[PDB]
Amino acid sequence: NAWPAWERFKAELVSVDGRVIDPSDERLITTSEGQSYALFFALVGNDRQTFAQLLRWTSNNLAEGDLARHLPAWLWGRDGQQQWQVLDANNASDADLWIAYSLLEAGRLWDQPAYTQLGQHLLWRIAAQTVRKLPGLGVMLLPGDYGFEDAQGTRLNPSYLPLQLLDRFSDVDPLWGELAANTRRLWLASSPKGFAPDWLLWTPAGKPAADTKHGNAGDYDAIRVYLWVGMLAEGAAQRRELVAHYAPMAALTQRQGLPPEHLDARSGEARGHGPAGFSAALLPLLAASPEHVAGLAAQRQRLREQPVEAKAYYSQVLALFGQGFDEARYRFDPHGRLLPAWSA
Amino acid sequence: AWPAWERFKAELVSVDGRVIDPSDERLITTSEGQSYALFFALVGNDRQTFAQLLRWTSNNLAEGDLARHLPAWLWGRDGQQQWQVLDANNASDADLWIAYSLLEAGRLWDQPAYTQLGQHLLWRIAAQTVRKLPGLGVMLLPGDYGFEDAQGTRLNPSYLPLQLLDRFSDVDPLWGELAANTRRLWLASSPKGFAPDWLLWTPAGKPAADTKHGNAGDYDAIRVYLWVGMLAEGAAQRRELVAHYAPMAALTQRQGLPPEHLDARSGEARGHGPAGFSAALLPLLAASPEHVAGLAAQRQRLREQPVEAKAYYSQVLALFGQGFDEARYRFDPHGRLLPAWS
């Protein structure tokens with residue numbers, strides 16, 4: 001089991017002391033998202049040492065030494081005094097979820113009770129700090145502990161809520177399965193044309209509306225909705241409904257021979273061509289139904305001719321997820337449990 | 001055999017398991033009444049009544065499935081003479097007592113189903129009712145809706161007994177953290193050694209007078225002294241907490257009767273409390289040698305004018321406080337229930 005793409009990511013974007021660096025920002029920032037994705041990839045790659053290093057860096061720098069006591073700050077880097085520190089103390093729940101998931105799964109797959117316990121401690125804190133009971137929806141995860149609720153209602157981000165993770169947490173307590181059912185409803189409701197938005201607003205009347213900041217735009221966040229949907233196991237709840245619901249994204253990509261860059265989730269209008277990351281993000285969805293078998297072959301082909309670039313953080317993580325799945329490096333079972341290719 | 005618990009069942013618990021407060025013309029049940037009665041039934045080693053109470057609570061306050069719904073706080077006769085939920089919002093103090101009684105019953109009676117249900121409730125309480133408040137950390141709201149706005153967060157110190165939160169820490173340390181925050185909240189809410197019913201926690205992270213009830217402490221606040229007085233000797237900061245609320249013990253001892261109303265800011269007291277207040281203070285009064293005159297005086301008041309028949313509020317305070325005083329139960333340092341029958 002060699003994972004050259006993961007080795008390339010490490011060589012290019014992961015520091016010796018264990019932080020993931022997006023070099024496109026002048027501040028040479030790390031995000032909790034970056035840490036969380038790299039933790040998942042290290043597990044998939046059976047890379048115990050890098051997992052430990054990533055986890056240590058995340059703990060010490062984003063969580064004051066202790067993920068059982070603090071949800072990680074989302075932004076870290078160099079400030080205006082050239083000092084390396086937390087730049088924004090608020091959390092991003094999408095990273096928190098991926099961190100908690102990778103810990104539970106690593107605890108199971110590597111037989112490390114400490115990882116299991118830490119994951120459970122995180123779930124409790126996520127419930128306590130980040131979950132709310134929303135009107136006409138029920139329990140739902142906010143994008144962060146602060147700054148996403150007001151008079152207008154509640155801002156939500158579909159891509160922050162991968163069903164696999166929520167389904168897996170249901171094994172810890174059914175509250176999470178309930179949150180997963182609520183997410184399935186949110187996803188469908190937010191995507192009337194079969195295209196996901198980056199954000200939406202959940203009004204006090206219990207209805208979806210255009211996001212206060214991004215309207216109905218679907219771009220680099222929303223592309224991940226197709227990725228999660230496409231990686232659902234056959235027997236996962238509402239899998240066929242979800243795959244079929246987002247068919248227009250697959251249908252469009254097949255037709256145009258290329259994924260689009262920008263969507264309006266309300267009108268279904270699409271612009272441009274998406275970067276190679278978008279192609280990789282779509283491989284699972286493209287493989288999920290026979291009617292998109294040509295689309296799958298096409299996109300696989302484009303990635304051969306034009307692989308993701310060296311220091312391009314965003315396209316690299318989409319590739320590691322999507323090409324990684326396409327290359328049979330892992331699967332999810334119907335309950336969201338990780339099935340890695342090394343675990344035989 | 002617990003005579004007061006037998007009388008409470010005979011007078012205030014219907015055959016199908018609801019606790020009635022007759023002082024209200026709607027003949028209401030509250031989630032509070034259900035939660036207290038569940039705890040009393042455990043203390044009384046009464047499996048039969050526990051099961052019936054739980055069933056009524058689930059069916060009528062929680063849509064038939066308490067694992068999926070925190071119970072409505074208020075049930076009774078509506079305007080069309082129908083017996084129905086009157087307010088579907090929850091009351092957090094009852095939610096906590098229900099989860100706790102379930103966890104402890106599960107342990108003490110060897111009933112995995114109670115244990116599981118108790119854990120489902122904690123997850124839902126964390127998810128729906130807990131918030132991270134500025135300069136305070138994780139904290140329980142009084143209810144899922146209606147207690148937050150631009151002015152800040154309304155909190156109710158008496159909704160947060162340290163025994164329950166300390167006990168929940170066994171489920172996950174996050175609850176012990178909430179218990180520690182509650183210890184800070186209690187102290188901050190009580191600058192003169194007297195608790196208020198309510199407190200505002202402002203956006204700047206400071207305690208302020210409650211928006212609705214100012215600094216008044218009476219019928220909710222009396223229960224803070226009850227919780228504190230029942231803390232086990234090795235419970236975290238127990239001595240500090242008993243000493244902190246000494247002025248309530250001292251005033252009661254000095255006046256010969258508990259006050260009816262306190263102002264938590266000024267420490268000014270007015271009137272005399274009902275028998276329930278005397279019962280509620282017996283554990284605190286017994287907690288320090290120097291309050292023995294008061295312990296004796298309040299025991300004597302309860303003998304002379306015992307808690308009246310069909311008087312919901314005074315009966316529950318007495319089952320708690322007199323029950324403790326009669327050695328029917330204790331708590332261990334981590335909030336686990338130690339019933340006399342066990």
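Cut-offs and rules
Residues numbered from 1 in each chain as written, not as in the entry; some residues may be left out. Chains lettered and ligands numbered in written order. Heavy atoms only, no water. Residues with missing side-chain atoms left out of burial classes, pairs and counts. Helix = DSSP H or I, 4+ residues; strand = E, 2+ residues; numbered from the N terminus. Rg over C-alpha atoms; globule rule 2.2 N^0.38 Å. Contact = heavy atoms within 4.5 Å. Pairing = 2+ DSSP bridges. Axes fitted to C-alpha atoms, helices over the stretch in contact; angles between N-to-C directions. Buried area = accessible area lost by both parts, 1.4 Å probe. Salt bridge = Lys/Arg side-chain N within 4 Å of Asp/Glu carboxyl O. Polar contact = N/O pair within 3.5 Å; in protein donor to acceptor, adjacent residues only side chain to side chain. Nonpolar A, V, L, I, M, F, W, Y, C, P; charged D, E, K, R; others polar. UniProt positions renumbered as here; feature names shortened; annotations may be inferred. Buried < 20%, exposed > 50% of the residue type's maximum accessible area, 1.4 Å probe, protein only. Parallel < 35°, antiparallel > 145°, perpendicular 65-115°, else oblique. Left-handed = near helix turned anticlockwise from the far one by under 90°.

> I tried to follow the overall build of chain B on my own but got confused; where do I start?
Each helix and strand counted, chain B has 13 helices and 14 strands in total. Taking 2.2 N^0.38 as the reference for a compact globule, 342 residues should give roughly 20 Å; the C-alpha atoms of chain B span a radius of gyration of 19 Å, in line with that estimate. The principal-axis extents of the C-alpha atoms in chain B amount to approximately 50 × 45 × 45 Å. When contacts within chain B are restricted to residue pairs at least 6 apart in sequence, long-range pairs at least 24 apart make up 63% of them.

> Would you mind going over the sheet that holds strand β1 (residues 30-31) of chain A with me for this structure?
The strands that make up a sheet pair up through hydrogen bonds in the backbone, lying either parallel or antiparallel. All names here are of chain A. Reading across from one edge, β1-β2-β3 is the order of the three strands in this open sheet, with antiparallel pairing throughout. Edge positions in the sheet fall to β1 and β3 (84-88), since each has one partner strand and no second. The sheet contact formed by β1 and strand β2 (residues 75-78) spans two bridges and is antiparallel. Bridge pairing in β2 links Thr 30 to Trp 76. Relative to the sheet, helix α3 (residues 48-62) contacts β1, β2 and β3, its axis offset from that of β2 by approximately 80 degrees.

> I tried to follow the interface of chain A and chain B on my own but got confused; where do I start?
One frequently used descriptor of interface size is the decrease in accessible area upon assembly of the parts. Taken together, the contact between chain A and chain B spans 20 residues of the former and 19 residues of the latter. Between chain A and chain B, roughly 1,700 Å² of surface is buried when both sides are summed, and carbon and sulfur atoms account for 62% of that area. For the chain A face of the interface with chain B, the top three residues by lost area are A:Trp124, A:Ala128 and A:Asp173, together amounting to 39%. Scanning the region where chain A abuts chain B turns up three salt bridges. At the junction of chain A with chain B, the criterion picks out four residue pairs in polar contact. Of all the elements in the fold, those that place two or more residues in the side of chain A that touches chain B are α5 (113-130), β4 (131-134) and α7 (174-190) of chain A. Element by element, the count of residues in the side of chain A that touches chain B is highest for α5(A), at eight residues. Among the residues forming the side of chain A that touches chain B, the class breakdown is ten nonpolar, three polar and seven charged.

> Would you mind showing me how to read the UniProt feature "active site" (unreviewed entry) in chain A here?
Residue and element names in this part refer to chain A. Per the UniProt annotation, the sites labelled "active site" (unreviewed entry) are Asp 94. Note on placement: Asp 94 falls in helix α4 (residues 93-109). Beyond its immediate stretch of four places on either side in the chain, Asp 94 contacts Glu 33, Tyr 37 and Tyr 160.

> Sorry if this is basic, but what is going on with unusual backbone geometry here?
Only a minority of non-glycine residues have a phi that is not negative, and only a minority of peptide bonds are not trans. In this structure, A:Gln82 is a non-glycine residue whose phi angle is positive, near 60 degrees. Its location among the elements puts A:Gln82 in the loop between β2 and β3. Residue classification places A:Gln82 among the exposed positions, given a relative accessible area of 53%. With a phi close to 50 degrees, B:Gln237 is a non-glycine residue in the positive phi region. When you line up the elements, B:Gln237 lands in the loop between α8 (222-229) and α9 (238-244).

> Sorry, what's going on with the UniProt feature "active site" (unreviewed entry) in chain B here?
Residues and elements named next belong to chain B. Taking the UniProt record as the reference, the feature "active site" (unreviewed entry) is found at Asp 93. By the secondary structure assignment, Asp 93 is in helix α4 (residues 92-108). Residue classification places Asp 93 among the buried positions, given a relative accessible area of 7%. Sequence-distant contacts of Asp 93, that is, excluding residues within four places in its chain, are made with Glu 32, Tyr 36 and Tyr 159.

> What's the story with the sheet that holds strand β11 (residues 259-263) of chain B in this structure? I'm lost.
Residue and element names in this part refer to chain B. On the basis of which strands lie adjacent, the open sheet formed by three strands has the order β10-β11-β12 and antiparallel pairing. Because the sheet does not close on itself, it has two edges, and the strands there are β10 (216-217) and β12 (269-272). Relative to β12, β11 is paired through three bridges, and the arrangement is antiparallel. Residue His 261 lies in a different strand from β12, and its bridge partner there is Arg 270. In the packing of helix α10 (residues 246-255) onto the sheet, contacts are made with β11 and β12, and the angle to β11 comes to roughly 140 degrees.

> Even after reading the chapter, I still don't get the environment of A:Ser343, so can you show me in this structure?
Among the secondary structure elements, A:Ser343 is positioned in the segment after β14 (338-340). Distance from A:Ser343 to A:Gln117, taken between C-alpha atoms, is 21 Å for residues 226 residues apart in sequence.

> Is there a simple way to think about the side chain of A:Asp221 in this case?
All names here are of chain A. Within the fold, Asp 221 resides in the loop between β10 (217-218) and α8 (223-231). For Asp 221, a relative accessible area of 19% puts it in the buried group. Excluding residues within four positions of it along the chain, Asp 221 makes contact with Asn 157, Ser 159, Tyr 160, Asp 198, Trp 199 and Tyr 314.

> Looking at this structure, how should I read the pattern of salt bridges?
Two side chains of opposite charge can pair, provided their charged atoms sit close to one another. Under the defined criterion, the tally for this structure stands at 33 salt bridges over all chains. A salt bridge links B:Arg299 to B:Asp325; the nearest nitrogen and oxygen atoms lie 3.0 Å apart. Placement of the pair is B:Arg299 in helix α12 (residues 292-304) and B:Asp325 in helix α13 (residues 312-325), with a sequence separation of 26 residues. Three or more residues are tied together by salt bridges with common partners; here these are A:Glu105, A:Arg108, A:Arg168, A:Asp171, A:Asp333 and A:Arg337.

> Sorry, what's going on with the packing of α4(B) against helix α5 (residues 112-129) of chain B here?
In helix packing, the relevant descriptors are the interaxial angle and the interaxial distance, both defined with respect to the helix axes. Residue and element names in this part refer to chain B. It is the contact of α4 with α5, at a shortest axis distance of 7 Å, that shows an interaxial angle of 155 degrees. Here α4 lies roughly antiparallel to α5, going by the angle between them. Here α4 runs over α5; the crossing is left-handed. Contacts between α4 and α5 involve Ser 92, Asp 95, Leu 96, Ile 98, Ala 99, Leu 102, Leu 103, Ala 105, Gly 106 and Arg 107 from the former and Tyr 114, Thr 115, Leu 117, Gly 118, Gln 119, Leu 121, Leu 122, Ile 125 and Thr 129 from the latter. Taken together, the residues of the contact of α4 with α5 break down into eleven nonpolar, six polar and two charged.

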